[PDB]
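Remarks on the structure that follows.
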Amino acid sequence: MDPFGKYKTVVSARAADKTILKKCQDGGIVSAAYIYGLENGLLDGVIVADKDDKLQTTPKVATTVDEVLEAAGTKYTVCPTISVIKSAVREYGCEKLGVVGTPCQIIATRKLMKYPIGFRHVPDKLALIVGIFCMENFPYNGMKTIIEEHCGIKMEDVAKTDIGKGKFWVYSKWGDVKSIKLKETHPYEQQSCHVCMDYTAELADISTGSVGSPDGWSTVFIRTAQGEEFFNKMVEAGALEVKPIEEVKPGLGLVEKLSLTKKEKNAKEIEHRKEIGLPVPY
Amino acid sequence: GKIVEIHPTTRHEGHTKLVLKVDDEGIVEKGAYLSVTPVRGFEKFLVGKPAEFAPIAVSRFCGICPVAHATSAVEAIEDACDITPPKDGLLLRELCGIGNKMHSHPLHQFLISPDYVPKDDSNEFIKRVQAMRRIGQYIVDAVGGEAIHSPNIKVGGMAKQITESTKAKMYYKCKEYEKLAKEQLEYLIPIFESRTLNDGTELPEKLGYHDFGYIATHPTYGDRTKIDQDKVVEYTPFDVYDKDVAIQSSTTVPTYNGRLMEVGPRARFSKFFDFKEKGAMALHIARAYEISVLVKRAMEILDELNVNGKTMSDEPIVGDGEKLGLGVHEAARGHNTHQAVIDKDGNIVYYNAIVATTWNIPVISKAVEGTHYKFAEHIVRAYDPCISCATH
Amino acid sequence: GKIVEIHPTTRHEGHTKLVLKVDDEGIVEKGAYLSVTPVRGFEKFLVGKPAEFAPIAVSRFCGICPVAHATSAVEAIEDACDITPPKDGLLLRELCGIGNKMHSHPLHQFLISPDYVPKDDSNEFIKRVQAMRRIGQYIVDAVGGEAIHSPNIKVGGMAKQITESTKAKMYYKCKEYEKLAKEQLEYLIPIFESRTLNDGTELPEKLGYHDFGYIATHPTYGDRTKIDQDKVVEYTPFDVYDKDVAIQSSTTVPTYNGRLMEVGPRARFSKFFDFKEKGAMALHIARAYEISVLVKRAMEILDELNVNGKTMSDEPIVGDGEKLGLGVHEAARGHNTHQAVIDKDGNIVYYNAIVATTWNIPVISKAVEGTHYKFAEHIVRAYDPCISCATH
Amino acid sequence: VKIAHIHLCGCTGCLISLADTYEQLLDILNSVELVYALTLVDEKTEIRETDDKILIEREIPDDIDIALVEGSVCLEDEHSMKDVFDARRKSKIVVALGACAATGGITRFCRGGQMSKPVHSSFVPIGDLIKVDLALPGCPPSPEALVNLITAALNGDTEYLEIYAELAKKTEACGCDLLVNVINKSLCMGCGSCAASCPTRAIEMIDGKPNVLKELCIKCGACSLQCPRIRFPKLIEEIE
Ligand SMILES: Cc1cc2nc3c(=O)[nH]c(=O)nc-3n(C[C@H](O)[C@H](O)[C@H](O)COP(=O)(O)OP(=O)(O)OC[C@H]3O[C@@H](n4cnc5c(N)ncnc54)[C@H](O)[C@@H]3O)c2cc1C
Ligand code: NFU
Ligand code: NFU
Ligand code: SF4
Ligand code: SF4
Ligand code: SF4
Ligand code: SF4
């Protein structure tokens, strides 16, 4: 079956602005695309996922670069970014809106556009749909057990979390680092993710993630014309460092591996549900 | 050494599991009693709902003692909104919670009867149980509006008042209940004191011993000033179980002043009647002794009650959106706590519940240690565990 | 009909003596436990000195528990001058006291280990208590300014505040201490409950029984409203010893409501966790159980604490020259009382101290009666006596 | 003649309502033998002993004639789902006892966020997974209506049980069934019997038409069951 869906080109890239790299999760692609639209009149508002002192998430409509930098970094917990999409074009008055979301959130945006029943004036103002890769997500209390009880670090002392090398990582405000085997986190994951058939956010203008690229770099799929124009304006302005994915290691094969592993697994779950009488999307 | 696992344990309310590290002789070295019931998550879907919906929803925690959660819920909301229910509404509310316990305790004595009541006495014993329970359920129906899940327990007091005639035949039903309770007492007390089951098995003297304290705010109702919630702290299962069993528990680990604490009839008899006997048999004995104080208290409430007195407060359900209201109630199984924050519009901002059996689960885990594993379930049932309650 | 005198008794703090009238079989008929340490007389050279000097000087009562006396000293001076320390200064002061008890209890378990810890387990055992003491002394050094004799315990609160970094470093040190404490507790409790020494000697079941009550005002800190000082009366040694032994005692005999009273971990556990077990072994058990309470309470203080909050009161140190201030604190070894009268100039007109072990000394005298004299020192050590404290 | 009480994600309130047939309980336990009920009997015990474990399990027996199933099914708990399929496998007649098993009931409001099982958030009536033969609404159904179900099940009174067998095909109840089926379809005459059936006093008669207080309805289905303009079988018309 198709591994990555349709796309135009795949590269490995990172932001040129060094400040962004200091705060971002991987290559800083989402923050670098948001800061460029905002500063060069391609975006007047971007949807982000912010956190408080305890890592609790809040979807928000940002309009300044500093708002973008604060929202940089991954929160491995559920954050409804699309719940503010109408707010963004209503009271906030945006007309060139940037959207970010996990694959399922990007699917909800395409559904939103094709059948905009309760979305008057919303589809025409979506200027950049950025998707981030995703394998699983977690309820907040699910991640809280993982961090505080399995990694032994309080939420208020977490500076950054990262998933990689069959291990989940917690970096502390005070220099400490702790990692646990990724199989100790499974029972805490949102079970509705077990029917998700999208790993690389195949329906986005631009998709980005860490798998396939080294630390500090992001593997980015360019998919639609809208995302192509944006990206090309960025590299021409020197906003990004780009290397062809064919040279950097591990490379695209690791993406294909994981993308098919997710699809083959959750495919069985969909058929299992159909078997015992439970509804699935169609 | 060896591992024993008893799953599910029987003749109590709900779904639990025992996990016991035993030696080659059967004696328990490490004990682990825990809930595996799926968590419905009541407190979390009450957020946003109006305050009036709390006593309705939390009643469905458990159908054996629904009154206890409706009471704690309205006490918690009233505390947050600074509402005072009237004298006769409160009398009626306590009478309702007593009527529930008047049916719960005989019910539990029916649940444990296969171990202690001989077969030849089994029939007359159950008929006496159902006779006592009938009265108790009558009281809950008359005051609360329904026997199972009472809608009259409302923020502000009690929705309705009884008639002079209802109060009369309730008094004389309580006299009958008092006569059956003395009958039941004179029968079970000697069996518990004998320490032997109906099949001849003598139980160890120190069966069910533990080194934890008690929590009890009142002998028959509840008194939030007899506790400091700031000192109540809920820890995770990883604090009391090993890692592979802790990730199976569905409940939290409540502590007071840093230690686990027992709740229930023995906890109340220790704080009001100087009852200090340890073990699983003493728990059963306290529960039997308490049936008398429940019916005597009900008859005193009926003499004090004015059936024409106001039962609902006019004060409005409004809060500051900050104050963490506290509502406690001695359920049949013990101290039962609900907490509520209410905003200016009368809606729930934050909700939480620390149920009675939740306190007792980690205590039972330690009490089964010291004795043979084929006695573990006898200790468990001594605590009258209600898991749908402890999990909610 | 014979006298046995053990002088000095060992593996505890200070210099004492046992005088036992025994029968022809070894059983103690009349027991006497009394300090013979020279009296330094702190309370008497404090009169005339400024109030700020009191917590510096009384801290030198004892180097094991110096935080206990600085705390009671300031608390007593504050009471006499109507000073109210700020929220976060009070939290830091209690935290400083818990850190001191976090080192004292493990230290005592080290002092008694030659009797109860086997030889092959001794090295591992000492490494555990030294690691636990390291964390405790870290907390006292961080909050109090010095590990031994903490100059930050001042009239008005605490002199210095900690940083957000050291608060985080303390919390995670407390988690490690909680891990070692559970290790230590699982090890020692089976031994204390076995009632036998490491050489195979089984101790009597009623070893260390007495018929006296307890005093305790708080599980981890202190509360002057839980005691009526007017009911505390210091008598002379002639009231509890025979004349020829009484003239040797260096300490006064404190009583509450006319009787001798025990203080310490068992006293607190009796007043807050319903722990009512008599005897010497039960004392060791209570102290071990208390280690968990201490570190759990410390972690709760760290979550509540505001590192930026005020820690010293601006109120002046002035008194009327008549009011008898009262300061109480639950030292490691029990309820500890200081009294002071401050004049308008801030100077001390009257000072007095009734230290914890002072309460326990006449109780120990009676607890050693009934058993063979070769067991008396085991009863003495169960009380963790600190004589330099008791005499001051 | 073999009955079983299965308890899934419920509260035991329905079982207590069964116990509140005090006098008829001793008459029912002689005519039928109870073979499984964790709260009442120690069945069915099987011990498995290896060299390192001793497992004492209580499993659902075989050859159950009637199974009173109480409570909904939690889709994130393997045991909860194993027991609903196991009860169906081993029972000739399964009865959705109470609104939790029949239509979801109060558990419809579950959405998780509550430890210690942060993933538990999906609760469905048993009918969504297994075929169910009879359904009894209410929170809880009365002891009277229970005795009637058991009497009719043992006597083969299919005519009486038809209204519950029909309910077994629908797994969705609400207070709004009265509006969508009786008020909007020009059938409500304003008797008020629905308001008198409600356990949460959520129905209030205004202008001769039931007004549902939506934030007080727990979706027990007692009012739609009672409405004689929805279902009025001819057997009701025979009196004495
Ligand atoms: C639950 C989850 C699982 C993931 N799993 C994988 C994986 O298996 N493999 C992989 O390669 N990549 C995964 N990612 C994405 C990856 O970790 C990085 O977020 C991605 O590369 C973007 O980082 P960046 O440095 O390029 O942009 P950044 O400059 O770091 O900006 C990150 C952006 O992500 C948004 N965001 C953060 N958390 C959330 C959330 N919970 N929901 C919606 N938006 C959010 C923020 O608004 C922010 O704008 C996952 C992300 C999430 C949230
Ligand atoms: N009694 C009782 Fe409950 Ni069913 C318990 N445990 C609660 O409040
Ligand atoms: N603990 C202690 Fe002291 Ni060294 C004694 N006894 C003082 O307050
Ligand atoms: S796994 Fe699928 S459904 Fe779950 S958060 Fe990721 S994209 Fe969404
Ligand atoms: S339907 Fe009502 S009474 Fe029956 S189990 Fe569910 S909540 Fe309890
Ligand atoms: S029972 Fe039916 S017909 Fe009668 S008032 Fe209610 S909805 Fe109308
Ligand atoms: S309105 Fe009342 S009877 Fe009807 S479904 Fe709601 S709670 Fe049940």
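Each chain of the structure tokens is named A, B, ... in the order shown, its residues numbered from 1; ligands are numbered from 1 in display order.
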Practice prompt. For residue B:257, please output as an NGL selection string all residues within 12 Å (counting only C-alpha atoms; exclusion window: fewer than 5 positions along the same chain).
Written response: (:B and (212-215 or 227-234)) or (:C and (218-221 or 268-269 or 271-273 or 290 or 292-298 or 300))
Could you take the residues named above and write them with N, CA, C and O atoms, as a short mmCIF file (atom, residue, chain, number, x, y, z; two decimals), in the first residue's frame?
```cif
data_model
loop_
_atom_site.label_atom_id
_atom_site.label_comp_id
_atom_site.auth_asym_id
_atom_site.auth_seq_id
_atom_site.Cartn_x
_atom_site.Cartn_y
_atom_site.Cartn_z
N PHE B 212 -2.30 0.71 61.32
CA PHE B 212 -2.77 1.98 60.80
C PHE B 212 -3.90 2.53 61.66
O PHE B 212 -4.58 1.79 62.37
N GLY B 213 -4.09 3.85 61.58
CA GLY B 213 -5.07 4.54 62.39
C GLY B 213 -6.45 4.51 61.78
O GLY B 213 -6.78 3.69 60.93
N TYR B 214 -7.29 5.45 62.25
CA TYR B 214 -8.69 5.51 61.86
C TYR B 214 -9.08 6.94 61.52
O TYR B 214 -8.48 7.90 62.01
N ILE B 215 -10.11 7.08 60.68
CA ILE B 215 -10.73 8.36 60.39
C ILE B 215 -12.23 8.21 60.56
O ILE B 215 -12.84 7.29 60.00
N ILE B 227 -11.87 17.16 60.60
CA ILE B 227 -10.79 16.75 59.71
C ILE B 227 -10.19 18.01 59.09
O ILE B 227 -10.82 19.06 59.04
N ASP B 228 -8.95 17.89 58.65
CA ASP B 228 -8.25 18.97 57.95
C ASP B 228 -7.88 18.42 56.57
O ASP B 228 -6.90 17.69 56.43
N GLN B 229 -8.66 18.75 55.55
CA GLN B 229 -8.40 18.18 54.24
C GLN B 229 -7.03 18.53 53.71
O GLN B 229 -6.45 17.77 52.93
N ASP B 230 -6.50 19.68 54.11
CA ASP B 230 -5.14 20.00 53.68
C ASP B 230 -4.18 18.87 53.98
O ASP B 230 -3.18 18.70 53.26
N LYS B 231 -4.45 18.08 55.02
CA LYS B 231 -3.61 16.96 55.39
C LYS B 231 -4.00 15.67 54.68
O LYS B 231 -3.26 14.68 54.79
N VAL B 232 -5.12 15.64 53.96
CA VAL B 232 -5.46 14.49 53.12
C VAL B 232 -4.71 14.63 51.80
O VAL B 232 -4.81 15.66 51.12
N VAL B 233 -3.96 13.60 51.43
CA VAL B 233 -3.16 13.59 50.22
C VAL B 233 -3.39 12.25 49.52
O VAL B 233 -3.35 11.20 50.16
N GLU B 234 -3.63 12.30 48.21
CA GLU B 234 -3.79 11.10 47.40
C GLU B 234 -2.49 10.84 46.65
O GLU B 234 -2.05 11.68 45.86
N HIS C 218 1.52 17.54 67.94
CA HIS C 218 1.53 17.61 66.49
C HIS C 218 2.31 16.42 65.96
O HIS C 218 3.22 15.93 66.64
N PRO C 219 1.99 15.92 64.77
CA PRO C 219 2.74 14.77 64.25
C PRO C 219 4.12 15.11 63.71
O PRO C 219 5.00 14.25 63.70
N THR C 220 4.34 16.35 63.26
CA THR C 220 5.62 16.73 62.67
C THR C 220 6.19 18.05 63.16
O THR C 220 7.36 18.33 62.88
N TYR C 221 5.41 18.88 63.86
CA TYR C 221 5.88 20.20 64.26
C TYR C 221 5.52 20.47 65.72
O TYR C 221 6.15 19.90 66.61
N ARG C 268 3.30 10.35 69.81
CA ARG C 268 2.68 10.97 68.65
C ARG C 268 1.79 9.97 67.91
O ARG C 268 0.66 10.28 67.53
N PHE C 269 2.31 8.76 67.68
CA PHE C 269 1.54 7.76 66.95
C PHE C 269 0.29 7.35 67.72
O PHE C 269 -0.71 6.95 67.11
N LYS C 271 -1.44 9.57 69.53
CA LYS C 271 -2.34 10.72 69.49
C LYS C 271 -2.86 11.04 68.09
O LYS C 271 -3.85 11.77 67.98
N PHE C 272 -2.22 10.53 67.04
CA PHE C 272 -2.60 10.88 65.68
C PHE C 272 -2.81 9.69 64.76
O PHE C 272 -3.48 9.86 63.73
N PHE C 273 -2.29 8.51 65.08
CA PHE C 273 -2.46 7.34 64.22
C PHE C 273 -3.02 6.14 64.98
O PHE C 273 -2.94 5.01 64.50
N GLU C 290 7.62 6.30 61.76
CA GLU C 290 7.58 7.75 61.69
C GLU C 290 8.50 8.31 60.62
O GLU C 290 8.27 9.42 60.14
N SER C 292 8.77 7.50 57.56
CA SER C 292 7.97 7.76 56.36
C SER C 292 7.13 9.02 56.52
O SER C 292 7.04 9.83 55.59
N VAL C 293 6.50 9.20 57.68
CA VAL C 293 5.69 10.39 57.91
C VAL C 293 6.53 11.65 57.73
O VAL C 293 6.07 12.64 57.15
N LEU C 294 7.77 11.62 58.21
CA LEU C 294 8.60 12.82 58.16
C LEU C 294 8.89 13.23 56.72
O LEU C 294 8.69 14.39 56.35
N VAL C 295 9.35 12.29 55.90
CA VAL C 295 9.78 12.65 54.55
C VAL C 295 8.59 12.95 53.66
O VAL C 295 8.68 13.80 52.75
N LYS C 296 7.46 12.28 53.88
CA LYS C 296 6.25 12.65 53.15
C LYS C 296 5.83 14.07 53.48
O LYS C 296 5.44 14.84 52.60
N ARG C 297 5.92 14.44 54.76
CA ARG C 297 5.56 15.79 55.17
C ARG C 297 6.53 16.82 54.60
O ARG C 297 6.12 17.92 54.22
N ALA C 298 7.82 16.47 54.52
CA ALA C 298 8.80 17.39 53.95
C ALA C 298 8.48 17.69 52.49
O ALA C 298 8.56 18.84 52.05
N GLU C 300 5.61 17.61 51.08
CA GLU C 300 4.42 18.46 51.01
C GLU C 300 4.75 19.91 51.33
O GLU C 300 4.15 20.83 50.76
#
```
Discussion item. Please identify all protein, DNA and RNA residues within 8 Å of ligand 5, counting only C-alpha atoms and all ligand atoms, and report them as an MDAnalysis selection string.
Written reply: (chainID B and resid 60:63 148:149) or (chainID D and resid 9:15 70:72 97:101 104:107 137:141 220)
Output file for the residues above (C-alpha atoms, as a PDB file, in the first residue's frame):
```
ATOM      1  CA  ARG B  60     -24.841   6.223  40.409  1.00  0.00           C
ATOM      2  CA  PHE B  61     -21.413   5.586  41.948  1.00  0.00           C
ATOM      3  CA  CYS B  62     -23.031   2.659  43.743  1.00  0.00           C
ATOM      4  CA  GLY B  63     -26.529   1.301  44.297  1.00  0.00           C
ATOM      5  CA  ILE B 148     -32.086   3.337  45.188  1.00  0.00           C
ATOM      6  CA  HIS B 149     -30.796   6.793  44.177  1.00  0.00           C
TER       7      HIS B 149
ATOM      8  CA  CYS D   9     -19.575  -1.317  34.374  1.00  0.00           C
ATOM      9  CA  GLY D  10     -22.535  -0.800  36.676  1.00  0.00           C
ATOM     10  CA  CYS D  11     -23.194   0.155  40.297  1.00  0.00           C
ATOM     11  CA  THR D  12     -25.023  -2.989  41.623  1.00  0.00           C
ATOM     12  CA  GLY D  13     -28.164  -0.856  42.058  1.00  0.00           C
ATOM     13  CA  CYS D  14     -30.098  -3.106  39.692  1.00  0.00           C
ATOM     14  CA  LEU D  15     -29.013  -6.175  41.672  1.00  0.00           C
ATOM     15  CA  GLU D  70     -26.006  -5.250  34.495  1.00  0.00           C
ATOM     16  CA  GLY D  71     -23.826  -2.307  33.455  1.00  0.00           C
ATOM     17  CA  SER D  72     -22.195  -1.149  30.239  1.00  0.00           C
ATOM     18  CA  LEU D  97     -30.740  -5.370  33.165  1.00  0.00           C
ATOM     19  CA  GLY D  98     -30.983  -1.621  33.682  1.00  0.00           C
ATOM     20  CA  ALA D  99     -30.256   1.391  31.514  1.00  0.00           C
ATOM     21  CA  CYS D 100     -26.480   0.930  31.755  1.00  0.00           C
ATOM     22  CA  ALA D 101     -26.592  -2.431  29.971  1.00  0.00           C
ATOM     23  CA  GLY D 104     -25.731   3.191  28.252  1.00  0.00           C
ATOM     24  CA  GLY D 105     -27.506   5.266  30.869  1.00  0.00           C
ATOM     25  CA  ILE D 106     -25.348   7.457  33.075  1.00  0.00           C
ATOM     26  CA  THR D 107     -22.147   6.036  31.568  1.00  0.00           C
ATOM     27  CA  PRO D 137     -34.858   0.124  31.162  1.00  0.00           C
ATOM     28  CA  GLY D 138     -34.824   2.278  34.282  1.00  0.00           C
ATOM     29  CA  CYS D 139     -32.133   3.334  36.748  1.00  0.00           C
ATOM     30  CA  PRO D 140     -33.017   0.953  38.283  1.00  0.00           C
ATOM     31  CA  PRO D 141     -36.119  -0.861  37.000  1.00  0.00           C
ATOM     32  CA  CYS D 220     -32.715   5.763  31.639  1.00  0.00           C
TER      33      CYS D 220
END
```
Discussion item. Taking only C-alpha atoms into account and nothing else, which residues of chain D lie no more than 9 Å away from chain A? Please answer as a PyMOL selection string.
Written reply: chain D and resi 76+112-120+128-130
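For ligand 2, the set of protein, DNA and RNA residues within 6 Å, based on only C-alpha atoms and all ligand atoms, reads residues 62, 64, 65, 68, 69, 331, 332, 333, 336, 355, 356, 357, 385, 386, 389 and 390 of chain B.
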Item to complete: Report as a ChimeraX atom specification which protein, DNA and RNA residues come within 6 Å of ligand 1, using only C-alpha atoms and all ligand atoms.
Response: /A:24-31,48-49,71-79,81,100-102,132-137,208-211,218
Write the selection just made, keeping N, CA, C and O atoms, as a compact mmCIF listing (two decimals), in the first residue's frame?
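So the final result, stored in selection.txt, reads:
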```txt
# COMPACT_ATOMS: atom_id res chain seq x y z
N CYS A 24 13.11 24.96 19.35
CA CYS A 24 12.26 24.04 18.61
C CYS A 24 12.56 22.60 19.01
O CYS A 24 13.47 22.30 19.78
N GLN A 25 11.75 21.68 18.46
CA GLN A 25 11.89 20.27 18.77
C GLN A 25 12.96 19.61 17.90
O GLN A 25 13.89 18.99 18.42
N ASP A 26 12.85 19.77 16.59
CA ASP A 26 13.82 19.18 15.68
C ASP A 26 14.47 20.23 14.80
O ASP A 26 15.37 20.94 15.24
N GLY A 27 14.03 20.33 13.55
CA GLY A 27 14.64 21.28 12.66
C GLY A 27 14.03 22.66 12.73
O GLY A 27 14.57 23.59 12.15
N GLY A 28 12.91 22.81 13.43
CA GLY A 28 12.26 24.11 13.52
C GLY A 28 11.53 24.52 12.26
O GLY A 28 11.51 25.71 11.92
N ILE A 29 10.92 23.56 11.56
CA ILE A 29 10.26 23.87 10.30
C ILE A 29 8.93 24.58 10.55
O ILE A 29 8.60 25.55 9.86
N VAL A 30 8.14 24.10 11.52
CA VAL A 30 6.84 24.71 11.77
C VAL A 30 7.01 26.15 12.23
O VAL A 30 6.30 27.06 11.77
N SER A 31 7.94 26.39 13.16
CA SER A 31 8.18 27.75 13.64
C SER A 31 8.79 28.62 12.55
O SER A 31 8.49 29.82 12.49
N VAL A 48 -1.43 27.50 17.05
CA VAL A 48 -0.35 26.86 17.77
C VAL A 48 -0.93 26.11 18.96
O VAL A 48 -2.12 26.23 19.28
N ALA A 49 -0.08 25.33 19.61
CA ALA A 49 -0.42 24.58 20.81
C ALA A 49 0.55 25.02 21.89
O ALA A 49 1.75 24.72 21.82
N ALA A 71 5.42 28.68 21.66
CA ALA A 71 4.70 27.46 21.32
C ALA A 71 5.58 26.43 20.63
O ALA A 71 5.10 25.35 20.28
N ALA A 72 6.86 26.74 20.42
CA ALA A 72 7.76 25.78 19.81
C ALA A 72 7.99 24.59 20.73
O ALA A 72 7.92 24.70 21.96
N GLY A 73 8.26 23.44 20.13
CA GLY A 73 8.47 22.23 20.88
C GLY A 73 7.24 21.34 20.88
O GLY A 73 6.10 21.80 20.76
N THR A 74 7.47 20.04 21.03
CA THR A 74 6.40 19.06 21.01
C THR A 74 5.83 18.86 22.41
O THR A 74 6.58 18.73 23.38
N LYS A 75 4.51 18.84 22.50
CA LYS A 75 3.79 18.37 23.68
C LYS A 75 3.11 17.07 23.27
O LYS A 75 2.20 17.09 22.44
N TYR A 76 3.57 15.95 23.83
CA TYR A 76 3.05 14.64 23.48
C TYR A 76 1.74 14.36 24.24
O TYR A 76 1.60 13.39 24.97
N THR A 77 0.78 15.25 24.04
CA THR A 77 -0.54 15.11 24.62
C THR A 77 -1.53 15.76 23.66
O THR A 77 -1.15 16.55 22.79
N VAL A 78 -2.80 15.41 23.82
CA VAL A 78 -3.82 15.84 22.86
C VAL A 78 -4.09 17.33 23.04
O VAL A 78 -4.31 17.81 24.16
N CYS A 79 -4.08 18.07 21.93
CA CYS A 79 -4.40 19.49 21.93
C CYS A 79 -5.26 19.83 20.71
O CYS A 79 -4.77 19.79 19.58
N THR A 81 -6.16 21.64 18.06
CA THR A 81 -5.76 22.85 17.35
C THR A 81 -6.87 23.37 16.45
O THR A 81 -6.95 24.58 16.20
N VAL A 100 -1.66 24.12 12.07
CA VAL A 100 -0.77 23.00 12.38
C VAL A 100 -1.57 21.96 13.13
O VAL A 100 -2.44 22.29 13.94
N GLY A 101 -1.28 20.69 12.86
CA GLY A 101 -1.97 19.62 13.54
C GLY A 101 -1.39 18.28 13.18
O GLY A 101 -0.71 18.12 12.15
N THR A 102 -1.64 17.31 14.04
CA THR A 102 -1.28 15.93 13.76
C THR A 102 -2.07 15.46 12.55
O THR A 102 -3.02 16.13 12.14
N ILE A 132 2.41 17.70 11.20
CA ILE A 132 3.55 17.07 11.84
C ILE A 132 3.30 15.57 11.90
O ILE A 132 2.16 15.14 12.09
N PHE A 133 4.35 14.78 11.74
CA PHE A 133 4.22 13.33 11.83
C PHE A 133 3.67 12.95 13.20
O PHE A 133 3.81 13.69 14.18
N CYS A 134 3.05 11.78 13.27
CA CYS A 134 2.52 11.29 14.54
C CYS A 134 2.34 9.78 14.47
O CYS A 134 1.81 9.27 13.48
N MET A 135 2.77 9.08 15.52
CA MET A 135 2.52 7.66 15.68
C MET A 135 1.42 7.38 16.69
O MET A 135 0.53 6.56 16.44
N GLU A 136 1.48 8.05 17.85
CA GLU A 136 0.50 7.89 18.92
C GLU A 136 0.38 9.21 19.66
O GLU A 136 1.26 10.07 19.57
N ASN A 137 -0.72 9.37 20.39
CA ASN A 137 -0.91 10.51 21.27
C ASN A 137 -1.41 10.02 22.62
O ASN A 137 -1.71 8.83 22.80
N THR A 208 6.16 17.57 8.26
CA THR A 208 7.50 17.60 8.85
C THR A 208 7.57 16.65 10.02
O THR A 208 6.51 16.39 10.64
N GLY A 209 8.76 16.13 10.30
CA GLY A 209 8.98 15.25 11.44
C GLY A 209 10.46 15.03 11.64
O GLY A 209 11.30 15.59 10.92
N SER A 210 10.78 14.17 12.61
CA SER A 210 12.20 13.94 12.97
C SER A 210 12.72 12.62 12.38
O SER A 210 13.94 12.53 12.13
N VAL A 211 11.83 11.64 12.17
CA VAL A 211 12.29 10.34 11.70
C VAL A 211 12.80 10.47 10.27
O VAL A 211 12.16 11.09 9.41
N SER A 218 14.89 18.01 10.15
CA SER A 218 13.54 17.51 9.94
C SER A 218 13.40 16.98 8.53
O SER A 218 13.90 17.59 7.58
```
Practice prompt. Write as a ChimeraX atom specification the residues around ligand 6, taking 10 Å as the cut-off and counting only C-alpha atoms and all ligand atoms.
Written response: /D:175-183,186-197,203-206,208-211,223-231
Worksheet item: Please, which residues of stretch 65-244 of chain A, numbered as in this document, come out alpha helix (DSSP H) from DSSP, as a ChimeraX atom specification?
Response: /A:65-70,85-90,103-114,140-144,225-236
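Across the model, the gap from atom CA of residue C:324 to atom CA of residue C:337 is 12.2 Å.
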Closest contacts (chain C/chain A, max 10 Å, only C-alpha atoms) as JSON lines:
```
{"residue": "C:165", "atom": "CA", "partner": "A:174", "partner_atom": "CA", "distance": 7.5}
{"residue": "C:168", "atom": "CA", "partner": "A:157", "partner_atom": "CA", "distance": 8.2}
{"residue": "C:169", "atom": "CA", "partner": "A:174", "partner_atom": "CA", "distance": 8.9}
{"residue": "C:171", "atom": "CA", "partner": "A:154", "partner_atom": "CA", "distance": 9.9}
{"residue": "C:172", "atom": "CA", "partner": "A:153", "partner_atom": "CA", "distance": 8.6}
{"residue": "C:175", "atom": "CA", "partner": "A:152", "partner_atom": "CA", "distance": 9.1}
```
Would you kindly return, as a tab-separated table (two decimals) with C-alpha atoms, in the first residue's frame, each protein, DNA or RNA residue with an atom no farther than 8 Å from any atom of residue B:95, considering only C-alpha atoms and excluding same-chain residues fewer than 3 positions away?
```tsv
chain	number	residue	atom	x	y	z
B	91	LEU	CA	-32.75	16.05	60.35
B	92	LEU	CA	-34.43	14.46	57.31
B	98	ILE	CA	-29.30	6.22	58.42
B	99	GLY	CA	-32.05	4.38	56.56
B	139	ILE	CA	-37.07	4.91	55.23
B	143	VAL	CA	-37.55	10.63	52.91
B	298	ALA	CA	-33.38	7.37	63.85
B	301	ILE	CA	-34.54	12.13	64.93
```
Discussion item. Residues within 9 Å of residue C:147, please, as a PyMOL selection string. Count only C-alpha atoms; anything in the same chain fewer than 2 positions from it doesn't count.
Written reply: chain C and resi 100+136-142+144-145+149-150
Worksheet item: When DSSP works through the backbone of this structure, what residues of stretch 185-221 of chain A end up as strand (DSSP E or B), shown as a ChimeraX atom specification?
Response: /A:206-209,218-221
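Distances to chain C were evaluated for B:72, B:249, B:236, B:255 using only C-alpha atoms, and the minimum falls at B:255.
If you look at atom CA of residue B:281 and atom CA of residue B:192, they are 5.8 Å away from each other.
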Discussion item. Could you list, as number ranges by chain, every residue within 6 Å of residue C:32, counting only C-alpha atoms and ignoring same-chain residues fewer than 5 positions away?
Written reply: C: 18-20, 365
